[PDB]
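These numbers come from the heavy atoms of this one structure, side chains and all, not from hydrogens, waters or symmetry mates. Every chain is numbered from 1, with letters handed out A, B, ... down the list of sequences.
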Amino acid sequence: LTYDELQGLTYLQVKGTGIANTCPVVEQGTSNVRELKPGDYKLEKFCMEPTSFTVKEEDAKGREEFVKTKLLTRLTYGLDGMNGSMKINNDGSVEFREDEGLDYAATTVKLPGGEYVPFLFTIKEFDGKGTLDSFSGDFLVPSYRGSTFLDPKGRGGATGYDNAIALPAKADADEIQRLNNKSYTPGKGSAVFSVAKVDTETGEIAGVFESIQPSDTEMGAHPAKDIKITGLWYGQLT
Amino acid sequence: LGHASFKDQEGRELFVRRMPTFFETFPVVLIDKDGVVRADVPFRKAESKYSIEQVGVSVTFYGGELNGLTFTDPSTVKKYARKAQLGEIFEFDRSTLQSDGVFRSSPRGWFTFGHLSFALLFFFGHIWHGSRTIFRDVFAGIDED
Amino acid sequence: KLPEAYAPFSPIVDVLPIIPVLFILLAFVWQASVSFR
Amino acid sequence: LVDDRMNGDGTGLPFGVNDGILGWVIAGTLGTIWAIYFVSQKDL
Amino acid sequence: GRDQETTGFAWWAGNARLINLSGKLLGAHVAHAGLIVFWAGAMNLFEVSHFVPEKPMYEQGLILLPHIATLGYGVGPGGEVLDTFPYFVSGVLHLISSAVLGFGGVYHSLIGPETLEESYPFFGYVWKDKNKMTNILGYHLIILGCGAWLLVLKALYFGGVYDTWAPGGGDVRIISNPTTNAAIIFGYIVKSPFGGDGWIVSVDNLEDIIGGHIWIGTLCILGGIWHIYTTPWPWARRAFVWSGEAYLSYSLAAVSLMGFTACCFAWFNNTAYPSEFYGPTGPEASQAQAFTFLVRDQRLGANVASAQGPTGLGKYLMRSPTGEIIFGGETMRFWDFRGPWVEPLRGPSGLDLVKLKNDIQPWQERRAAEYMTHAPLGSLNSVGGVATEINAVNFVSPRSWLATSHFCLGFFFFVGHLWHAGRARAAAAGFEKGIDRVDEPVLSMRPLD
Amino acid sequence: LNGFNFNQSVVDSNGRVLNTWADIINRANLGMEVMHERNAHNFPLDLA
Amino acid sequence: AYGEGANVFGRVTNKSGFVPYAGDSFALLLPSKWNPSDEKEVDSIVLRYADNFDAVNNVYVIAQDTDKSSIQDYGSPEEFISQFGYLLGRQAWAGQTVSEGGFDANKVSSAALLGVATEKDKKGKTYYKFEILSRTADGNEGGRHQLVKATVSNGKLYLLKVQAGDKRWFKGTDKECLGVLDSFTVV
Amino acid sequence: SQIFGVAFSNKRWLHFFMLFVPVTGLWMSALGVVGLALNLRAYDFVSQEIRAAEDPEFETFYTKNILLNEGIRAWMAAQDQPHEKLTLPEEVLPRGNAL
Amino acid sequence: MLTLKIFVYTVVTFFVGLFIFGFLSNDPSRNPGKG
Amino acid sequence: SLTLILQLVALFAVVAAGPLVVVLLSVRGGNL
Amino acid sequence: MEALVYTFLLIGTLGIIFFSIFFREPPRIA
Amino acid sequence: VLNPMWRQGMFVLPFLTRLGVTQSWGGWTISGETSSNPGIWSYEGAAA
Ligand code: CLA
Ligand code: CLA
Ligand code: CLA
Ligand code: CLA
Ligand code: CLA
Ligand SMILES: CCCCCCCCCCCCCCCC(=O)OC[C@H](COP(=O)(O)OC[C@@H](O)CO)OC(=O)CCCCCCCCCCCCCCC
Ligand SMILES: CCCCCCCCCCCCCCCCCC(=O)OC[C@H](CO)OC(=O)CCCCCCCCCCCCCCCCC
Ligand SMILES: CC1=C(/C=C/C(C)=C/C=C/C(C)=C/C=C/C=C(C)/C=C/C=C(C)/C=C/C2=C(C)CCCC2(C)C)C(C)(C)CCC1
Ligand SMILES: CC1=C(/C=C/C(C)=C/C=C/C(C)=C/C=C/C=C(C)/C=C/C=C(C)/C=C/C2=C(C)CCCC2(C)C)C(C)(C)CCC1
Ligand code: OEX
Ligand SMILES: [Cl-]
Ligand SMILES: [Cl-]
Ligand code: NA
């Protein structure tokens, strides 16, 4: 569905149907892409929904492969309502830069074998350099949990116990990974975008993306896996 | 390890409030000679003037393995305060018997528990047997009379 | 509040809700008077 | 979307049916039981 | 009355002694109806006398003055009370009608005809006369259809019924073009009772409410005529037990279902039970907490769309199980809440971030009395909100009161339906008093093992 | 609809709160309250 | 004890919910519900009272020996509260975090100013009045309202500081907090 | 027998069972309170607490109950035991989020 | 997954139909008592 | 207050009304 | 094992109650 | 590689492995590979 007929639907018609998690598409646009007028743009309603969630786990024999996974969280994975700037030049160079919106979504996915992989699907603070055919960059990835999050035993970062309260004889140099560190240091991820199906009359672009970002380290206890997110994105240029 | 003695930044001896028997766990607080709270290991760690890292308490120790080793900056002060809420700090070997971590009971406590349980059970046994020996004619039969 | 012509009768109004509670107890009084025959 | 979903939770579906096959199997099962009862009522 | 030695019923079952006494049974019914109308009039006069006009009509423990106020009698645009004279008139009329009904019930109970068949064959009835019982049921069905059409007339022509969904915060709105669509009305009645829909507590507009009332009144009148001019079919005769006790049990089951259903209307509906008269429902004040904290924390300067909570889901905004944008707190369970102060703020996809940033209305901001107190907490001896609150404010929600009471009485009436259905079946079978002791059914059965 | 709430029902002539067994129950109840769902609340007043 | 009759038909002696306190060259109406507590966070505190229900609702005054003659000599009231950004409590957490939501980078607490005044009572010496909304990353009590009334009479700075959680502030403790605020008069 | 599967056949055994069940229950509870008299309590499950100590993901309703007991103790002791003189500040008392 | 809903709907409709028509099929006459 | 006095007298009039009817029927014949 | 012992004890109790229901001694004297 | 099943005294696991089952319900595999869906026929599934 395009943005014209999404605004033509009431809240009760979209409610419970899964339409609200889908990004708009472009049907009257052109695939020329390079026809887009150069200049400084301020795009709004930047949509970004995924189509696949693949997790990189490393085997202990030395080769690289991704695997398809099963989603445990329901339709909360889309990105909606973001805005930023695109300084498009005549040759095709872009300056895509997301600023603010629903630029994150906590997603839990299940690997084959039954292991839960939570991650924070973000595109926040992402800069884009490249042509219209393909432009990439880096974005900020927060931890997953705030420093006020408490574990099942009440230990935490900003607030918590930072000690094994269950037993008064275990705080030595083996629980340091679990008690003393409690790291919330943000990571970074790399996403590559592509512009397809440009619109001339009202400036509506809707291409595809492929994003690479680290998974959740829980509380810093174990290292994060890499999540590959592919899907469609949507934007309106003004 | 010795007697963990704690001092403020400007200098006054604080004392870790000892754990009572009712508490499985107790908050770690260090209070003044007069009886006013001066420092603690806070749960929220975002307020007031009682967290260890801003009060600036130092632990000195005056015993066997630690006789003049003064610690003031790191979280070892908080660790020693938490150990000091349990009484005198002692060094323990937890690898010989693969020790648990939770405190066990004394033979005194086990003896008292077993004997009090047996004492109530034998109160019931005495009541039942006294019932049976006073009421022998009706426990066996009164023959329609 | 009640209208100005009915303001003195508001204290009489304040007791009127409990009459249905009094009715079932009146039935119990009548049963006691007939000695629960 | 990353998966296929029924997407029938909510939206006030009559008797919870979202396809005609559900209403048809409900009607067919009720009609079969009614037919057995009707041709087999009154004991005999 | 009579004694136990003749009737066989003890004093604590004395109303059973008048099962077969038509005149005394009618007198008990008319006296009881007088009791109902007496409570209506007396409690209405009590609520009028204990009414403070500046406060809204829910901090005062008033439950039925909102019932009149929903009809549009003395209600201003925003929800103010204007005048209490319609409430006073309703209370006085109920009191006088209750006096008349109580006189009639007392007369028929004391000195009325003991049995109605020997002198009044139109009103005489034996419990086994299926045609007569359907005639009485048809009379009552026509009466109830006229009662529903009375509300329809009030909504359509007498300029009444208060709409919360009117712009600006509701208004007493005369209803034009009620939705008499059979598909809409019966899709309301056959849909799921869970959180996504709600079976009967789903009416979001007075147009559907009055269309359903038109349908129920016409159906009740037609069914009344049908029962007047018919006799129950042989399958109905073989399925039902035809006695006065069995009929009571059927009525008890139906009215217990109605009691549970009304409890659910009270807890969840904010259209037939306006928030300005009944206070917030369960889902609101919880949605209002998130909404007011969102607008406050964006008034300070912090953005609410890109702010995440301790769990990384959103302190103010998140996504529902379906991709709708909802409030990010623990109020994700109440994401189906529809309110007059939410819908203009709500769009097709979600909560309309741009509308939250710019198109907030001052009256929607002032609707923080919804959140502040008045969330349907309140404790049994009044006092404030949660059980750990201190003795500060005197408030319990009227929705809480007449949901809790109505669930209690609905469950009791289900229990009474069980009791009377079982005793009616045992009475029709012949062993309501016990086992015959010389031919018990068990000795005629083979042992299990 | 909740239970009886007798918190600070007993006050003296100057209005000071005299403690009560109901107040001790209130302290235990609020100690339970701050532990329940340590991470599930974003707003102060527990309504949902 | 001495024998005196019980109170029958003798009315009630206290309904205002405020009891006067006279101290060392200061006086203030304390809340009647609140009780004293011996918990000196800052050493300059001379009086401290707290709510029996929730001790976040607390009030205290400090008697700090000072050099500046009058409160105006402390500069602008903004310059004054910049000096007193220490009795709010600095964060004990130093780890990196961008996941708090609605806070500056690496921060788990914030303070927003909502009031700046120079009120006067009886002599002519001005009173610096402030309202501060302190929002902590956990969101405890929905924030805390800090009302500060500060002045210096002879050579000692007298600073009222009543605290109220935003949970209790919305319920109606605003009346008692503002009553203490307006009743703090330095005589 | 046809409702529950089992039924009483002896009034002797029926009424002796009616006598036996509450007396046995109350005697077992008395033995438990005797065990609690010396703080010999079944407070913890060691395997569960070690599992949750080395795992930030592992949570059970028992761990929730342990966390609730900690709050009961901490927020109840100060006004419960005036002899202990527990003038604990509010920041060292444990809190969840926002409540 | 739709066929699971179809199968469950068929099963529930079957058991409800058995319930309703069994109670229709002369239930008040299934008694040992004379009446 | 005079309001409370009239509330008490109305309360006593309505509370004593029922038992008055019962005792009047007890002392003035029967049929109850 | 840990969960195996719990499962074995639970299914043993279920088997005991099944045998008590179905393979019980037939009731005598009332 | 360095602590295989025969170094741990495993008796029936080699016979289970020899005919096809390699991964368990714990998400691991004896070959060190990433576990796919074990289905009903894992080590614990075969035991059950
Ligand atoms: C009242 C008498 C008594 C007392 C006070 C003690 C006290 C003590 N014994 Mg001892 N013991 C006793 C009798 C007693 N024992 C007897 C009669 C025997 C012979 C069987 C032993 C054999 C024995 C051994 C081999 C050991 C001890 C040890 C110990 C010490 C460790 C604590 C402990 O017992 O573990 C905990 C006690 C309990 C958990 C008590 C159980 C609580 C109830 C009764 C259980 C309910 C039973 C239940 C219905 C059965 C179902 C369970 C089933 C599923 C398995 C302690 C000081 C240990 C030690 O320290 O070494 C020196 C040691 O290893 N005891
Ligand atoms: C030194 C104390 C003492 C003695 C000598 C007796 C002696 C007797 N009791 Mg008695 N009783 C006692 C204490 C005692 N009791 C106590 C403390 C209680 C409360 C629990 C009871 C409750 C009791 C009841 C309810 C009954 C008797 C009965 C009887 C009589 C024979 C029944 C029998 O034992 O068959 C054999 C008993 C068994 C096979 C029991 C099975 C083993 C149990 C379940 C576990 C044993 C634990 C372990 C192996 C031993 C350690 C316990 C020790 C440390 C205390 C017998 C004369 C019966 C009676 O009145 O006679 C008609 C009867 O019904 N007693
Ligand atoms: C909704 C409540 C209600 C109602 C309407 C009735 C009605 C009736 N009951 Mg009943 N009853 C009730 C509750 C009720 N009961 C309860 C709760 C119990 C258990 C305690 C009983 C136990 C009971 C027994 C054992 C018997 C009855 C009987 C009767 C019938 C005749 C009474 C009679 O003949 O003696 C006369 C009664 C009186 C003279 C005293 C009543 C005084 C009057 C009628 C009411 C009080 C005055 C009133 C305010 C007047 C209004 C004034 C007017 C101008 C507005 C009658 C139709 C009898 C029966 O079954 O008939 C065969 C019978 O024996 N009842
Ligand atoms: C055609 C004959 C007829 C009619 C019109 C009625 C009417 C009524 N009966 Mg009644 N009844 C009848 C025959 C009839 N009955 C017979 C033969 C018996 C056996 C003796 C009974 C036994 C009986 C009992 C035991 C009771 C009633 C009660 C009632 C009232 C219940 C409605 C109510 O109070 O709620 C509210 C009313 C409404 C919602 C309707 C709104 C008002 C509308 C606008 C008026 C309708 C006018 C309409 C055009 C006229 C109807 C046409 C008619 C042919 C049906 C009602 C007015 C109950 C009662 O006593 O109530 C006081 C009750 O307990 N009846
Ligand atoms: C409109 C519904 C209705 C009607 C018309 C009847 C009618 C009748 N019932 Mg019945 N019943 C009902 C509902 C109803 N019941 C419900 C909902 C229950 C479950 C609680 C019962 C349980 C019940 C039993 C156990 C019995 C009857 C019996 C009877 C018969 C004699 C009644 C009598 O004189 O007792 C006298 C009335 C009283 C003594 C007063 C009752 C006092 C109650 C128990 C205390 C509660 C009242 C209090 C003010 C409310 C507190 C709040 C509440 C929410 C708990 C009579 C024909 C008897 C029977 O079977 O005869 C064939 C009998 O044994 N009923
Ligand atoms: C669809 C049907 C639904 C019901 C199915 C479930 C019912 C289960 C049957 C009850 C248990 C059988 C009791 C055996 C014991 C047994 O069979 O004893 C037999 C006994 C019969 O006693 P008699 O009357 O024969 O006594 C006289 C004798 O002394 C002489 O023979 O039954 C009873 O005691 C009465 C019923 C008590 C039943 C108590 C219930 C116990 C609960 C069990 C819970 C198990 C743990 C949870 C599971 C993990
Ligand atoms: C999606 C929309 C949802 C809302 C619609 C819901 C509609 C529900 C309509 C049910 C009303 C039937 C009342 C009968 C009650 C029992 C009568 C009886 O005890 O009945 C017994 C009675 C004894 O004589 O007999 C009789 O009087 C016969 C009278 C019974 C009437 C029989 C029903 C029609 C039969 C049609 C067969 C369905 C056949 C299978 C269709 C297969 C399609 C692929
Ligand atoms: C049978 C019986 C019974 C029952 C009874 C009854 C139920 C009765 C009743 C009755 C009734 C149901 C009554 C009612 C009434 C009413 C009245 C009597 C009224 C009135 C009037 C007036 C006078 C008023 C006035 C006023 C006004 C107008 C307004 C203002 C205020 C005032 C109030 C002043 C019993 C149970 C006992 C027992 C058994 C038998
Ligand atoms: C007004 C209104 C409306 C409407 C409503 C409606 C329309 C309703 C209805 C309804 C209906 C339409 C109903 C029906 C019904 C029926 C029933 C409920 C039944 C029954 C019965 C039973 C339960 C049975 C039983 C049995 C069996 C099973 C068989 C055999 C016999 C016997 C009896 C045993 C609306 C919401 C829109 C809006 C608002 C208001
Ligand atoms: O989830 Mn279980 O729970 Ca009814 O409260 Mn609010 O939310 Mn939660 O909190 Mn407390
Ligand atoms: Cl929340
Ligand atoms: Cl919890
Ligand atoms: Na929390």
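- In this structure, the portions of F:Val17 lying under 4.5 Å from any heavy atom of chain G include both its backbone and its side chain.
- When the candidates G:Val19, G:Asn35, G:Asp54 are compared by the number of heavy-atom contacts under 4.5 Å with chain F, G:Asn35 comes out ahead.
- Within 6.0 Å of CG in G:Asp104 there are 12 or fewer heavy atoms belonging to other residues, nucleotides or ligands.
- Within the 3.5 Å criterion, the main-chain N or O of G:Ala94 finds no donor-acceptor partner in the side chain of G:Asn106.
- The part of F:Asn19 that comes within reach of chain G is its side chain, from C-beta onward, which places non-hydrogen atoms under 4.5 angstrom from that chain.
- When each of G:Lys33, G:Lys15, G:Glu141 is scored by its heavy-atom pairs under 4.5 Å with chain F, the top score falls to G:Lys33.
- No hydrogens or angles considered: a donor-acceptor pair under 3.5 Å links the side chains of G:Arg48 and G:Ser37.
- In this structure, no portion of G:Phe170 lies under 4.5 Å from any heavy atom of chain F.
- Across all non-hydrogen atoms, the minimal contact from G:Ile62 to G:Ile45 is CG2-CG1, 3.7 Å.
- For chain F, the nearby part of G:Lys171 is the side chain; its heavy atoms alone come within less than 4.5 Å.
- In the displayed structure, G:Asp38 atom CG is contacted under 6.0 Å by at most 12 heavy atoms of other residues, nucleotides or ligands.
- With a 4.5 Å cut-off on non-hydrogen atoms, F:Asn39 does not touch chain G at all.
- Enclosure of atom NZ in G:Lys122 by more than 12 non-hydrogen atoms of other residues, nucleotides or ligands within 6.0 angstrom is indicated.
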